[PDB]
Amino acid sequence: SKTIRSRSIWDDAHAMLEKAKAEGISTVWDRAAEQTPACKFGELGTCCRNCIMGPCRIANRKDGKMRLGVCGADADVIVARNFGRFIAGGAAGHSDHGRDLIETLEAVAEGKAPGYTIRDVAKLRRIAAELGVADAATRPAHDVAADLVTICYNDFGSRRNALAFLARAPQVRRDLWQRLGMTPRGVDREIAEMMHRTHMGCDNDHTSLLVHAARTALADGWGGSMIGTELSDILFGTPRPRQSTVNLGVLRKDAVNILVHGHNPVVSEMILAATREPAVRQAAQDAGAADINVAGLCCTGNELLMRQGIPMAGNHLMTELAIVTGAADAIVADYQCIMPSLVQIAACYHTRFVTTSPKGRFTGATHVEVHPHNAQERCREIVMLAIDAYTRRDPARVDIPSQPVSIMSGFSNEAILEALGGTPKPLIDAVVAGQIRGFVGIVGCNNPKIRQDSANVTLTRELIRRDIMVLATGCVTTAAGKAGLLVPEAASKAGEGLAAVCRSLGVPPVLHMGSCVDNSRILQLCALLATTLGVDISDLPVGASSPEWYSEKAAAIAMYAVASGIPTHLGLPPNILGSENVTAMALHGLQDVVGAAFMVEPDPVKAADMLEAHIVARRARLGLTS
């Protein structure tokens, strides 16, 4: 079918799209078609519903009518406020997840989280020492953890002048943020202040609103996300390189298949633990299954891949299709990017849809709420639900369409530095000599507007062919993995210089660096390189790209990349083109301010050209050859 082929580049998606159509199951692509054409005011950002003097919409009329909202706000203010609330929603998604990790570490330090422990005490002591805990190297581990918990909680308070992890950024960058009024002060505070600013009759200057949007995004990348990443490593282990597999073929007909979906590994790590208990495996054996098979979706999947090597079934637009295989016996959901259509599609099969978070409630789901104090008991109950659902699987509707594709994962900054012999000096030498011309983090989602992973893969291929190493996170991980680019043998697909460095280190030309919160690892790496070299992040030959983004979280990531000095490409524009001034700020004005700007470009080859041009300009300023 020409329509099905246009929706994705992948055979396993095509196969499930055919099956979904045969079984009369509507998908995200069908709902996207029903919502096309979309309201122009919504697309442009020129609609405001922030009070009930509205709704207001701004037209561009020669007679000057509908130029202002009822309160007098113009298109610049309305677009900038909508964009600011958009960013705040993304920052809040990461913020609340980082907050849950603080609470989990506190429960471990108090001895009130059965089955949880401090899996990386060495990293605990290092992070705590970095952030100022006294005698972190020698004091009892749970005392050090309690002091680290206090520091992280204080970043979720209202008394700091700068977040704790901001000290990683080079001095020149912290000085610039301070001069601009961009320094993030409190993770929750910046979000709340954004909501205040965007109330009627508060902030009515688009420049001020966009500056606070940058501050709010920075409070995510250097706060909520960075806390989430570093505490997740302490609690569940620091990733090291390991082999795994990707695509819908990681599901197994002869096993109980449990898909974990969402973002929080506090649940997924304990689901995986329950599946390895002897009594639970005997229950699955008694039900007729040969094994219990956990596979990942989206950022929870990314996390379990990085730390445990658990195979990833799919990214964002694969999620519905994973149920359409007929082999998903349970989906275990926590929060964020979990499409509620999955509840309805699961009900078309035997699949249990289990929610675990008080924040991730879905009408019609089976709710088994999980907290650290009860996770071990509750996750056992959830796996037994999956085994029970397995006994009702209709064997005639099972169609697992592909063989899995080998990948390598687990490239934390700790693993990267270890692969380099302990210092970044071999990486700096490679960049100075021009073997690696630069690095681009390719991050972000799928979006039904773009043929799934078409831009993600094309951009990745173009960059590695030009000797630009790619750092992959989020739903790009699955795209690079299915493309065969996440293995060391993929050096044959890179340019001569990048292939040579990859082969000498034994690593792929694309490094999987984790989930969306793990984009904080990319900030940390950039900050380490700039600090080592004595330059700003805006002087490094780096870039970031989200070719197929959709979420507020992805927009917040892009904003904190830009605000930190990383040129950032987006495949689709945010809803801001209704204001030329806001658009010009985002694409050009920010360059004058933070040393980076957004680029919007749906042609991935042209996106590669633009990212490469920035890298080459920055190499020249460093006195390097290109």
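Residues carry their position along the shown sequence, with the first being 1.
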Per the entry, higher mean C-alpha B factor between 531 to 539 and 70 to 78: 531 to 539
Higher average CA B factor in the deposited record is what I'm after, so tell me if that's 405 to 413 or 392 to 400. 392 to 400
In this crystal structure's PDB entry, the residue among 201, 249, 89, 506 with the greatest CA B factor is 506
Between 579, 27, 568, 60, where does the Cα B-factor run highest in the record? 60
Hey, what third does residue 278 fall into on Cα B-factor, ranked over its chain? highest
Name the third of the chain's ranked CA B-factors that contains residue 139, choosing lowest, middle or highest. highest
What third of its chain, lowest, middle or highest, does the C-alpha temperature factor of residue 497 fall into? highest
Chain third (lowest, middle, highest) by recorded CA B-factor, residue given as residue 237: lowest
Just say lowest, middle or highest third for the CA B-factor of residue 426 relative to the other modelled residues in its chain. highest
